[PDB]
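Just below is one structure, and these are the notes that go with it.
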Amino acid sequence: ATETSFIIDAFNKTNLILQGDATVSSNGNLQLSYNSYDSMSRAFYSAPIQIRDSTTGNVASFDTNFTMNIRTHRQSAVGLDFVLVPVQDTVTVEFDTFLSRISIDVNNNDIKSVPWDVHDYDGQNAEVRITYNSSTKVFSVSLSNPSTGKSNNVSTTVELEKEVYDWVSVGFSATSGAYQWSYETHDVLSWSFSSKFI
Amino acid sequence: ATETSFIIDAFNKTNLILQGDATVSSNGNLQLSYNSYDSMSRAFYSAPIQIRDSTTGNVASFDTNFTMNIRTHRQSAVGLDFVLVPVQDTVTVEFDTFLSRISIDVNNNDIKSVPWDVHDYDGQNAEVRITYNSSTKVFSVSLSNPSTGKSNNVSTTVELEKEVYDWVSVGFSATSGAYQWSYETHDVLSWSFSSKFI
Amino acid sequence: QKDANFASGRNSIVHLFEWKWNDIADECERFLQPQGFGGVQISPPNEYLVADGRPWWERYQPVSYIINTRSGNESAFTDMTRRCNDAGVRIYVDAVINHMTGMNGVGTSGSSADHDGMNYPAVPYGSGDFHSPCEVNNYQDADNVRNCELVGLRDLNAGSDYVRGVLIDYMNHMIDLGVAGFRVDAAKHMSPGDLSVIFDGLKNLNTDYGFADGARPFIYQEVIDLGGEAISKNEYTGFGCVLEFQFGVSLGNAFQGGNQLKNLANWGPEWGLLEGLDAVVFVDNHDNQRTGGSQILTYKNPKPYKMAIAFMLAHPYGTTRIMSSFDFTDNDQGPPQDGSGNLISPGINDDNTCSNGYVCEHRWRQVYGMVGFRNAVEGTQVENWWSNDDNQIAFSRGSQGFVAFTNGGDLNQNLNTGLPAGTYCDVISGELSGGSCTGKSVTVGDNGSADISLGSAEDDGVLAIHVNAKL
Amino acid sequence: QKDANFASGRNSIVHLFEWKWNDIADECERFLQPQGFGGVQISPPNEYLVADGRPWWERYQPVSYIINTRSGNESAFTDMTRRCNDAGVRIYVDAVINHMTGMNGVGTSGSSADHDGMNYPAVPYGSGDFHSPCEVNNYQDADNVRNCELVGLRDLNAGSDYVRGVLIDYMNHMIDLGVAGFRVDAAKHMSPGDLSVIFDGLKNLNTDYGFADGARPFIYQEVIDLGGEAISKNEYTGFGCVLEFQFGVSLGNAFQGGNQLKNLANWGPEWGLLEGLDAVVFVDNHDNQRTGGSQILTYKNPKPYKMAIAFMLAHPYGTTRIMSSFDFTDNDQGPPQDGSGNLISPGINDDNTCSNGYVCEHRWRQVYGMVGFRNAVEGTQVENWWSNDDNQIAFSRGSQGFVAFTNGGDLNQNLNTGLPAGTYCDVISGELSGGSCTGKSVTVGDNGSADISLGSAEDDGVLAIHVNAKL
Ligand SMILES: *[C@@H]1O[C@H](CO)[C@@H](O[C@@H]2O[C@H](CO)[C@@H](O)[C@H](O)[C@H]2NC(C)=O)[C@H](O)[C@H]1NC(C)=O
Ligand SMILES: *[C@@H]1O[C@H](CO)[C@@H](O[C@@H]2O[C@H](CO)[C@@H](O)[C@H](O)[C@H]2NC(C)=O)[C@H](O)[C@H]1NC(C)=O
Ligand SMILES: *[C@@H]1O[C@H](CO)[C@@H](O[C@@H]2O[C@H](CO)[C@@H](O)[C@H](O)[C@H]2NC(C)=O)[C@H](O)[C@H]1NC(C)=O
Ligand SMILES: *[C@@H]1O[C@H](CO)[C@@H](O[C@@H]2O[C@H](CO)[C@@H](O)[C@H](O)[C@H]2NC(C)=O)[C@H](O)[C@H]1NC(C)=O
Ligand SMILES: [Ca+2]
Ligand SMILES: [Ca+2]
Ligand SMILES: [Cl-]
Ligand SMILES: [Cl-]
């Protein structure tokens, strides 16, 4: 099997896949929706990460951090979501700024969601950490604004022992709303991932 | 920048790039030249690894292991080489079974080579370990047959502080000879890599 | 269905974003018509919500179809179609037919709006008339974006006979009043399945306005599709034109400095853009001109923007639409206001600009001069390409016209124009007034081969010349 | 230059690997000719090294050009061209012209060979005549593989006038003796630049053998190119045919069970294979039949192998070459030996096989029966494709012939043949002997539509029928 890992203090298009309005600024930040509305953009690490092993049934416990700075320029439906999208039926932690909910949306059916307020993070840096224990089947998310120390967390039991999942493509999917929810931007400047088997 | 790493106890074509006669058996081993002679095959991890950082000049110290079993079925020119081939001017550690030499061939000019005998490894598993310190500029290779405990090692100072290198594609390049040097095969069943910056 | 419909010998349209009706009329006959203009994409004409602070976006929440807007009631509207249409300026209504409102009750023509209970009496409209509530989750799930509430906005069900009936009545009503087309609002959020049935009840144009007997209504749609999503623009091609959204991004990035102009040689379908005659192209747009850093060019960054719409204009691809926005400093700030009202946009004195908060892009030398350029070259395929294989491009639309430009490198070249030997009054900088050039009086020898000189420091990077500028 | 050259009404060639000259002659007129065969790629005819144990590979280290081999001296050779050529069996010499030897001094015709000092007197040949020493490092460096010593083998310099002179004399000498072509040994290790000049001195064929006046020598080359490498087969296309090496791998993998036969519909250029008339296709080959696990099919695994060469044979692409190897258990074991000598390969009794160590693939029902099939369909494009969208394929070469097969699933179908209504004696299993079928006597109604039945458990997966099998 394949256990993979990486640290990105500064993004570079070279090891990235860009769909829709997804780009990389000279300042080394991944950027989605900066020129679009009512659409969805995405970025994925080149290497297709492996989650389930068919040679044992085993599943990868992945762990991952990433700083991001969501803006709306206004003083999922609209937001930024981390996604485990299979290889060309999607586990997705979504930071929906519009429904104002953080949730683990698996196949359009959120397994657990919790409210959070965008104004507690709009403009500054936010630390997100996703983690999934293969042994206890416990998924967990945490949002926290370092500038103050607010953290909208959440957690749930998710079973990925489904034959259909083996290889996924870890990335980001920032969706953009319409009319006044057209201006939201999505900057991600740090991201680390890590899958593991035993 | 991007520090990358991975452990592959069993290969799978999914996260691999196959050029020439390169494949993957049901037993999970990468295989080159098994159906060819006088030609060169190659396999590379999907993700393009980063060696030099343009934002500081810094260079990645990479470290890496991999078991392999070279056969000739006869009781570089011909052999299996680990290569850091740039992105679509190549540092290459070659296990040439024909000239019977292990060397660090950089731009066709071997920086250091040492003799080794293929019969000390033909048929069984061999542990190779490549390592490059960014701080001391010291490259190093080690071959060792666990079944007995023979190790043909080598080492040299290599400077990769050259603006042209930034992003490479770590892989294997197994070359195959002509006439009686047409039957050599190249099995690789384990491989771990690791780049690092400071 | 995809036919432009302009009064012959004329070319492309304008978005007089938020402008008043009677005002439009003035503009229709005073500036648009004299300049070979196609028409106008008329801002939302039907009764919509009175959202506090009265922002441009309020204009996108239908309270009803009663034709009384902040731009005027029917009287002025009807009038606006009668003056404007006679001038040749075709009117194109923004048809917001996927939802109503997401907030409560204040209709711009006294009609209430009970969001909670899903009631719109002006219509009437009740719960049965709407899709079941749910919201826009994954743009990866096709019926979710179409069948749920885009931004908590009550999603109408264009699948019902009653609802199809009403929308149809609305559009046709407009077709009766004169309009020739409809900038369908958010097609991506509607099943193309009945999007057609609605685009069918529409009876042929009102003969009495000037239209060629039995000519169908131009239908262009809003569908943002820059790949990835489960929805495709092509799904709305078999029955109407779509608004090419990549055009703005790509060509925008190009001139922004994000791409070698040399690459625009194969500008066209080879960039993820549908067949030429399938799109309505545009640079910035009322909505996305709000986004800002990067790719999109708005009047905020003039120079490359003009070269941009110029490349558009000059180039043959799809049908074009310039935009006449109003100055803005927020993202929700409403057009000109005073204790409830839209302030007129006189263009004064006359360098032919505009005042009191309206930018009037269309009245800019560079922009309009190029529109007539477009007219002037019709029926001509792409010919005589050229470049410095970097940021200097040049070519010409047959013996009818020519253009060139540069982001970097004084194009002091010695080129061609492939036109009649003569002289020509550039249109960007200059034009012909009283039989003499007001900017650049260039020469062109006995066989196209002419000399060009466009410097970096200049006001602009572009030079147009065409037989309808020959003195 | 790329023309087959066979005696008309005949098709494709054979590799009688290591067979003796006079023996070839017998085979030429006794079996090859009666069966519509193209010719023979005659094993290396010139003096080469006597490598201990006398392995097939010794045959690839030129000591000299003196025509005395383990297959015979000139007398027998000359004779072999005179009998064999009259029979229509074209001879194709294996031209090893890139190097000499890498080891020392024992020439098969008493000539020495001083490897160390780079001396080959038989010639003569000395250091000046060779490229500078170095070896094959990176197949990524173009001149390195061409200009260095492939496997410590003394690399001749085909760039010199003396060296070009000698090679030219050798080939022409052969052209004088009768041959029509040359299976150039290892073209990838030679600069195409002078590879042409050498392929030019070659004077038109020897009129006195039967050749069409002024016809040039068929030239096909050895170039393994399955991508990645800095060398391409196309570099040797503008002046000669090349041996398609992907053909074996892909089509081999296909039938090995590694790919759906359904995928071979677009079999051809769309698989990384040059223009049809540019290649000499083959399944296994003397060298690569030594590799073993996987992709390559040798007689060691019969069934799918036959279906394979059958698909080849039946299919029109390039020019084909069957291989008649000898049984082997090592990878270096020499053909039949006895204290120095090649033992004859009588085919005996007669089911038309062979004995004492020679496999004689070409004399296999399935293989030869299909060769005549090939002849029988000439000038016919690919027509009437069919499949079970898995491992059952079928089609036919015009009203001239038809074929089908299966790896899995009893093709008990009811198909077409697109031929004259009648009956036909399958060739795989059977043939027509004394006006009656020796295996399958199928019927075909008044318009191609016939019924087929080929079961899994059968001896083979393939059924051929053609007008030259019509009873
Ligand atoms: C990301 O890495 C890429 C690839 O190395 C950088 O692109 C190069 O920039 C260098 C240094 O200026 C140039 O010499 C090359 O011509 C560029 N190559 C390509 C393919 O663009 C890029 O600078 C990096 N981006 C960031 C933000 O560090
Ligand atoms: C993401 O960051 C978390 C939190 O810092 C990491 O978890 C810690 O790693 C630090 C540094 O090695 C340790 O001191 C802590 O013991 C770890 N756990 C906790 C709860 O803080 C984690 O390693 C990171 N994950 C990835 C994939 O980068
Ligand atoms: C490598 O992983 C691949 C992709 O998951 C495996 O291919 C699949 O095998 C599973 C289980 O038999 C099937 O359900 C799928 O249809 C296959 N998918 C594809 C794309 O082939 C493969 O089995 C793995 N190989 C090894 C040696 O473990
Ligand atoms: C390759 O294997 C080597 C040798 O085992 C690894 O180096 C050791 O890692 C082990 C296990 O954590 C430690 O106990 C040792 O201290 C390490 N050093 C030595 C000299 O043994 C190395 O981590 C591996 N590299 C990669 C990229 O997998
Ligand atoms: Ca809808
Ligand atoms: Ca050579
Ligand atoms: Cl629009
Ligand atoms: Cl061959």
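Convention: chains lettered A, B, ... in structure tokens order; per-chain residue numbering from 1; ligands numbered from 1 as shown.
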Given a cut-off of 6 Å, what residues near ligand 6 show up using only C-alpha atoms and all ligand atoms, put as a PDB file with N, CA, C and O atoms, in the first residue's frame?
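The file below, selection.pdb, is the result:
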ATOM      1  N   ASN D  98      27.091  -2.612 -37.325  1.00  0.00           N
ATOM      2  CA  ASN D  98      27.350  -1.497 -36.412  1.00  0.00           C
ATOM      3  C   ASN D  98      28.613  -1.735 -35.597  1.00  0.00           C
ATOM      4  O   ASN D  98      29.252  -0.780 -35.144  1.00  0.00           O
ATOM      5  N   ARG D 146      24.506   5.589 -30.079  1.00  0.00           N
ATOM      6  CA  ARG D 146      24.890   5.439 -31.479  1.00  0.00           C
ATOM      7  C   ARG D 146      26.413   5.336 -31.646  1.00  0.00           C
ATOM      8  O   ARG D 146      26.922   4.447 -32.340  1.00  0.00           O
ATOM      9  N   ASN D 147      27.104   6.253 -30.992  1.00  0.00           N
ATOM     10  CA  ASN D 147      28.570   6.366 -31.103  1.00  0.00           C
ATOM     11  C   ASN D 147      29.397   5.586 -30.051  1.00  0.00           C
ATOM     12  O   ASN D 147      30.621   5.583 -30.065  1.00  0.00           O
ATOM     13  N   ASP D 155      32.453  -0.656 -31.739  1.00  0.00           N
ATOM     14  CA  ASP D 155      31.591   0.176 -32.567  1.00  0.00           C
ATOM     15  C   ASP D 155      32.259   0.708 -33.849  1.00  0.00           C
ATOM     16  O   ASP D 155      33.139   1.564 -33.781  1.00  0.00           O
ATOM     17  N   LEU D 156      31.839   0.217 -35.014  1.00  0.00           N
ATOM     18  CA  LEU D 156      32.400   0.713 -36.275  1.00  0.00           C
ATOM     19  C   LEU D 156      31.849   2.102 -36.513  1.00  0.00           C
ATOM     20  O   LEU D 156      30.755   2.445 -36.034  1.00  0.00           O
ATOM     21  N   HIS D 189      21.519   2.024 -32.891  1.00  0.00           N
ATOM     22  CA  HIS D 189      22.877   2.325 -32.517  1.00  0.00           C
ATOM     23  C   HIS D 189      23.729   2.837 -33.660  1.00  0.00           C
ATOM     24  O   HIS D 189      24.962   2.718 -33.622  1.00  0.00           O
ATOM     25  N   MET D 190      23.087   3.458 -34.645  1.00  0.00           N
ATOM     26  CA  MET D 190      23.804   3.965 -35.804  1.00  0.00           C
ATOM     27  C   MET D 190      23.213   5.281 -36.275  1.00  0.00           C
ATOM     28  O   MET D 190      21.998   5.466 -36.204  1.00  0.00           O
TER      29      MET D 190
END
Those of range 96-147 of chain A in DSSP strand (DSSP E), formatted as a PyMOL selection string: chain A and resi 96+101-106+109-115+126-132+138-145
Contact set, chain B to chain A: 10 Å, only C-alpha atoms, as a PyMOL selection string: chain B and resi 1-12+14-16+28+45-50+55+87+167+190-196
At most 10 Å from ligand 7 (only C-alpha atoms and all ligand atoms): residue list as a list in words: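 With only C-alpha atoms and all ligand atoms and a cut-off of 10 Å, ligand 7 is contacted by residues 15, 41, 94, 183, 184, 185, 186, 220, 221, 222, 223, 224, 242, 243, 244, 245, 280, 281, 282, 284, 285, 286, 287, 288, 321 and 323 of chain C.
By only C-alpha atoms, and with residues fewer than 2 positions from residue 133 in chain A along its chain excluded, the set lying at most 10 Å from it is residues 59, 60, 61, 62, 63, 131, 135, 136, 137, 138, 139, 140, 157, 158 and 196 of chain A.
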File of the preceding selection, C-alpha atoms, as a compact mmCIF listing (two decimals), in the first residue's frame:
# COMPACT_ATOMS: atom_id res chain seq x y z
CA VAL A 59 -8.32 2.01 5.79
CA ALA A 60 -6.05 4.97 6.12
CA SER A 61 -6.40 7.20 9.08
CA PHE A 62 -5.63 10.56 7.58
CA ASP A 63 -4.75 13.70 9.49
CA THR A 131 -8.60 13.99 11.34
CA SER A 135 -9.49 2.33 14.42
CA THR A 136 -12.30 4.22 16.16
CA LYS A 137 -13.96 5.52 12.98
CA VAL A 138 -13.99 9.05 14.45
CA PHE A 139 -13.91 12.03 12.05
CA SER A 140 -13.20 15.49 13.50
CA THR A 157 -18.34 8.57 13.54
CA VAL A 158 -17.86 7.97 9.81
CA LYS A 196 -1.47 6.04 7.50
Non-local contacts of residue 111 in chain C (12 Å; only C-alpha atoms; under 2 positions in same chain excluded) as an MDAnalysis selection string: chainID C and resid 46:50 62:68 104:109 113:114 119:124
Expected answer as a VMD selection string: helix (DSSP H, G or I) residues in range 250-305 of chain D: chain D and resid 250 to 258 261 to 266 269 to 271 276 to 278 302 to 305
Shell of 8 Å around residue 174 in chain A, only C-alpha atoms, local chain residues under 5 positions omitted, as a ChimeraX atom specification: /A:32-33,40-42,78-81,186
Just the residues within 9 Å of range 332-344 of chain C, please, counting only C-alpha atoms, with nothing from its chain fewer than 2 positions along; format it as a compact mmCIF listing (two decimals) with N, CA, C and O atoms, in the first residue's frame.
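selection-v1.txt written:
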# COMPACT_ATOMS: atom_id res chain seq x y z
N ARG A 74 -17.96 42.22 1.99
CA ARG A 74 -19.35 42.61 2.17
C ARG A 74 -19.53 43.03 3.62
O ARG A 74 -19.68 42.19 4.51
N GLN A 180 -25.56 39.13 -4.15
CA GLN A 180 -24.63 39.70 -3.14
C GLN A 180 -23.66 38.64 -2.54
O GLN A 180 -22.70 38.96 -1.83
N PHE C 17 -26.89 49.45 -17.24
CA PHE C 17 -27.10 48.99 -15.88
C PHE C 17 -27.79 50.00 -14.99
O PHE C 17 -27.23 51.05 -14.69
N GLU C 18 -29.02 49.67 -14.58
CA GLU C 18 -29.83 50.51 -13.71
C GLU C 18 -30.41 51.82 -14.27
O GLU C 18 -31.24 52.45 -13.61
N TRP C 19 -30.05 52.19 -15.49
CA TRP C 19 -30.54 53.44 -16.07
C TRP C 19 -32.04 53.49 -16.13
O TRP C 19 -32.67 52.44 -16.26
N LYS C 20 -32.61 54.70 -16.08
CA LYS C 20 -34.07 54.89 -16.17
C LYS C 20 -34.58 54.67 -17.62
O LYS C 20 -33.82 54.77 -18.59
N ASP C 23 -34.81 57.80 -19.83
CA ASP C 23 -33.40 58.14 -20.03
C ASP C 23 -32.88 57.28 -21.19
O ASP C 23 -32.32 57.80 -22.16
N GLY C 53 -31.55 50.05 1.71
CA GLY C 53 -30.34 50.62 1.15
C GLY C 53 -30.40 50.65 -0.36
O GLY C 53 -29.59 51.32 -1.01
N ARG C 54 -31.40 49.93 -0.91
CA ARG C 54 -31.67 49.78 -2.35
C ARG C 54 -30.44 49.52 -3.21
O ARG C 54 -29.95 50.36 -3.94
N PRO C 55 -29.91 48.30 -3.09
CA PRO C 55 -28.73 47.86 -3.81
C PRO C 55 -29.05 47.24 -5.16
O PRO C 55 -30.17 46.77 -5.39
N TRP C 56 -28.08 47.27 -6.05
CA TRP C 56 -28.23 46.73 -7.39
C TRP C 56 -28.83 45.33 -7.29
O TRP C 56 -29.69 44.95 -8.09
N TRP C 57 -28.39 44.57 -6.30
CA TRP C 57 -28.88 43.22 -6.16
C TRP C 57 -30.34 43.06 -5.83
O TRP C 57 -30.88 41.97 -6.05
N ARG C 70 -37.85 50.89 -10.86
CA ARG C 70 -37.17 52.12 -10.46
C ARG C 70 -36.73 52.88 -11.70
O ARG C 70 -36.15 53.96 -11.59
N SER C 71 -36.89 52.23 -12.85
CA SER C 71 -36.54 52.84 -14.12
C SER C 71 -37.81 53.38 -14.76
O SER C 71 -37.76 54.06 -15.78
N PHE C 326 -21.97 52.18 -13.58
CA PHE C 326 -21.98 53.40 -12.79
C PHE C 326 -20.89 53.28 -11.74
O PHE C 326 -20.56 52.17 -11.30
N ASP C 327 -20.25 54.39 -11.43
CA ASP C 327 -19.16 54.39 -10.46
C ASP C 327 -19.58 53.80 -9.12
O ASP C 327 -20.65 54.12 -8.60
N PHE C 328 -18.71 52.98 -8.55
CA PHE C 328 -19.04 52.37 -7.27
C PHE C 328 -17.85 52.21 -6.34
O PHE C 328 -16.73 51.99 -6.78
N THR C 329 -18.09 52.29 -5.04
CA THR C 329 -17.01 52.18 -4.08
C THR C 329 -17.13 50.98 -3.08
O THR C 329 -16.13 50.52 -2.52
N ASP C 330 -18.37 50.47 -2.91
CA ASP C 330 -18.77 49.30 -2.05
C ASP C 330 -19.01 48.17 -3.09
O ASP C 330 -18.49 48.24 -4.21
N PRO C 346 -27.05 62.89 -17.07
CA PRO C 346 -26.79 63.71 -18.29
C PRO C 346 -25.34 63.53 -18.68
O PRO C 346 -24.46 63.31 -17.85
N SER C 355 -22.14 62.49 -16.41
CA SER C 355 -21.90 63.05 -15.09
C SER C 355 -22.67 62.36 -13.96
O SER C 355 -23.29 61.32 -14.13
N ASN C 356 -22.58 62.99 -12.79
CA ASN C 356 -23.23 62.56 -11.55
C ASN C 356 -23.31 61.07 -11.26
O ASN C 356 -24.39 60.55 -10.97
N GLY C 357 -22.16 60.40 -11.35
CA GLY C 357 -22.06 58.98 -11.04
C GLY C 357 -22.19 57.87 -12.08
O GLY C 357 -22.21 56.68 -11.70
N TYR C 358 -22.31 58.21 -13.37
CA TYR C 358 -22.42 57.17 -14.39
C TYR C 358 -21.24 57.26 -15.36
O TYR C 358 -21.06 58.25 -16.06
Separation of CA of residue 155 in chain B from CA of residue 92 in chain B, in Å and rounded to one decimal: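 Interatomic distance, CA of residue 155 in chain B to CA of residue 92 in chain B: 13.1 Å.
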Atom-to-atom span, CA of residue 325 in chain D and CA of residue 16 in chain D, Å: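 Computed distance, CA of residue 325 in chain D to CA of residue 16 in chain D, equals 6.7 Å.
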Residue list for chain C near chain A as a ChimeraX atom specification, 6 Å, only C-alpha atoms: /C:57,136-138,226-228,291
All residues 9 Å or closer to residue 126 in chain A, only C-alpha atoms, same chain fewer than 2 positions away omitted, as a list in words: residues 66, 67, 68, 69, 70, 121, 124, 128, 143, 144, 145, 146 and 147 of chain A
Proximity to ligand 3 - best of B:84, B:17, B:26, B:119, only C-alpha atoms and all ligand atoms: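 Under the stated criterion, the closest residue is B:26.
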Counting only C-alpha atoms and all ligand atoms, the residue of A:111, A:24, A:106, A:51 that sits nearest ligand 1: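 Ranking A:111, A:24, A:106, A:51 by distance to ligand 1, first place goes to A:24.
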Within-12 Å residues of ligand 5, basis only C-alpha atoms and all ligand atoms, as a ChimeraX atom specification: /C:96-100,129-136,142-160,163,185-195
Point-to-point distance from atom 7 (O, counted along the ligand's line) of ligand 1 to CA of residue 52 in chain B, Å rounded to tenths: 11.3 Å
